[PDB]
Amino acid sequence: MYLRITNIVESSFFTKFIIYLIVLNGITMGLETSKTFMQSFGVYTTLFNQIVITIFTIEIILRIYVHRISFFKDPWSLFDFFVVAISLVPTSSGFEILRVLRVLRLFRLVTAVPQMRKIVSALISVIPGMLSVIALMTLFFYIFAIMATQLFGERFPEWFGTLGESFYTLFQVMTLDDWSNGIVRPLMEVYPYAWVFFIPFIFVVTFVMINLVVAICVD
């Protein structure tokens, strides 16, 4: 039977059947958005939803026998596993994000279409040659975040009161989002020299990010 299923699973129709479900269940989830639609077709969809989870667990179970250890060593497969696994955790007990994280399964469209896998892989492959910079930056943030917590969090504890808060605020300044009226102008009303802290920060963090981009435009 091994070769029987290995011919069922490895079949085009099998694959094309899965993709057809994903696009369908994907459509169905944009409908579960409507409060109106749920009051008219909620059950239609909730069963349709419970159905697909099996078909996908059936699929994932087959796929494992046909592949054994080769499966748990495949990124795309591992993914599909974990995503389907999340959707298996019962509706009620635990966190309620798990109900929401179910929609992560639409990323199977990525996993189950080679044209997607290409672009995704092409993207990810750039990350290794960025880790040195990414590490640098994180170290940088961490140092400034600490300085900021102890420079401004007594008078400005919403923004800088905690090391985590400073991280977020510093992130916000790095995206250049409402950084002067929204953050540094207020701070100067108490700390006139705060610009000595945030302008260099902006220079460094911006410089780094141009390199990181230009780094990518070479490799």
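Note that residue numbering follows the sequence shown and begins at 1.
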item: Mean Cα B-factor comparison, 38-46 or 181-189, giving the higher one as deposited; value: 38-46
item: Comparing 22-30 with 165-173, the one whose average Cα B-factor in the PDB entry is higher; value: 22-30
item: Among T91, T138, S121, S132 - the residue whose C-alpha B-factor is largest in the record; value: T91
item: Modelled-residue ranking by C-alpha temperature factor, third containing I97; value: highest
item: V196 - Cα temperature factor, lowest/middle/highest third of chain; value: lowest
item: Chain-relative CA temperature factor third for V66; value: middle
item: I210 CA temperature factor, ranked by third within the chain; value: middle
